[PDB]
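Same chain, two forms, each on its own as C-alpha cells: structure 1, then structure 2.
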Structure 1
C-alpha cells in the first residue's frame, strides 16, 4: 500500500492553534507545550525542535510510524521562526494519561496481574513490530517514552520520542536494542525492579546473582523466564526478534494468560525513591546498546 509523504506547513502555527506556556514534558532536545486548535478547540501537544538534520530525521521517521495505533500520532508539522531560531513545531495527539509505570505504581489495590503485564507487552510489541517491519529501529524504548491516551483504565498505551530512531536497512542488528528494551520493560512489569546489577532500601538483585529472585519471582513460570532470557540475551546475534516475540504464546494469547498476582505495584511504591536511578541506569545502558 502507498501512503502520503510529510507536508511541512510554513504558515505561522498561531494561525491554527492557540499556544500556551504549560510544559507537558522535557527532553534533552527541546520542550513540549500545551496547545488548542483554534477552530475546533480540541487539545493537542506540541513538540518543538530546532531545525537541523537530526530533527528532520526524527520528524520523517516518526511520520512513517504515525498511523500505528500504539505510536503517538503526528497531526501536522510546521516550519516556523521562534525566539530567533528556525524550528520544526510538531503537533501531536494529546497523551495525558501519564507514563506506563506511574499508573501501575499508583494502583491503590497493589493488584497487578501477570495477564495485565502480558497485554501491556503485546501493545508495546505491536509498536516495535510496525517499526521493525518498515526497517526503523526506535532505540529509545524505555519507561518515560511510554504514555497513555487518557486516565481511563482502558486508555491506549503509546510509544513516543523518535529522537534516536534510525533506518536499519543493511544494519539489521540496530533493531536488537529495541528487543532488549522489551526484555527490561517486561521484567520491571513482572516484579517492580529492573534486571540491573547496581541505603534504607532493600537490594533486589545482588551483584552477579541469578536473575529471578524468589520473593517476587517464585510464582512466575519458567516459560516466562525463558522469554525474558531470550530478550535479554547478551549477543545481538542470538537475541529474540520481534517476530519471535509476537509469535510467543504468552503474547499471542495475552488475554488467556494466568492472572497471577504480582509484587510490581507494591515494589514500585516501596522503591519509589530509586526510580530516577532506574531510569538513569536504563538511559545509560541504552546509550551503550544502540
Structure 2
C-alpha cells in the first residue's frame, strides 16, 4: 500500500543559519560521522551526517530519501548542500535515535541472549524495513545490529534502519501473465539482506554468530571458506531447547546460493515471524 510522498528539496543556505552544530559525535557512518546538532529556533536535538559531495554521496542521499518515507527507516528532516574549503558537501539532518543500537541491546544481554518471542519481535521489525526497501527496489547491503537504532529507551520504542552508504537500486507482454524476470531483471541482489537477517536471527537466539574466526580475528581464510561452503552448526548447549521451526528458518536464509534463499515476502509471512501478533 503506497501513497504520494514529497520529493527531496535540497536547501542551499548555510546550515548554521538554522542549526547549532556541536562537535559531539553521535555515531560513525559508512561515508561520514554523525554529529549532534540543535535547531536554533526550537532548541530540538537532531543528528547530522556530513558527506563530501560526490556520486556515492548523491546516491546515499537519494536512496535514503525514498526509504525515509517508511516508519522503520531513520527519518530525514532536511538535506543541505553547502560549501566548505571550496568543496561542495551534503549535510543530512535526521531525527535522533537515543534508544541505542540493536548491537548494544544484544551486548547488554550477553550469554543470556533472547527468547524465541523476543527474537521474533526484533526480526519482524527489521523485516518491515527490508520489506519496504525491497518493495521500492533498494537493497541496503549493510544490514547489521550496529545500523539498527532504537528511537528511545522506552518499551514501545521503534527499531529503525540507518546508513545507506552501501545501498543500491536493483532495477511487450500481457500484464496478468508476465513473469517477474520479464518485468524487472535485477541489477543487484536484495538476497544479501536476507542472508544478514539469518545472521542476526542466529545471534539473537544464542549470543554468538554462525560464522566467525576461531582465533577472534576480524576475518580469516577459514571464516571465508566456512561462509562460502555454508559450514555452520547449532551447538547443543545454547541451541538445545530452540525449535526446529526457527532452525529451519535460519537454514533457508543462510542458503549459500542466493536464488535458493528466502524472499522478504516469504520471511514476513512465516509463522514464527507473524507470532508477534
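Numbering follows the first chain given and starts at 1. If you superpose the two forms and keep the largest set of C-alpha atoms that fall within 1.5 Å, you have the rigid core.
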Position with Cα shift of 2 Å or more, rigid core superposed between the two structures, options 110, 123, 145, 129: 110
By the 2 angstroms cut-off, has the C-alpha of residue 208 moved between the two structures once the rigid core is superposed? yes
After superposing on the rigid core, how much does the Cα of residue 83 shift between the two structures, in Å? 4.5
Provide the displacement, in Å, of the CA of residue 57 between the two structures, taking the core as the superposition reference. 0.4
For residue 70, the CA shift between the two structures after fitting the core, in Å, is 1.2
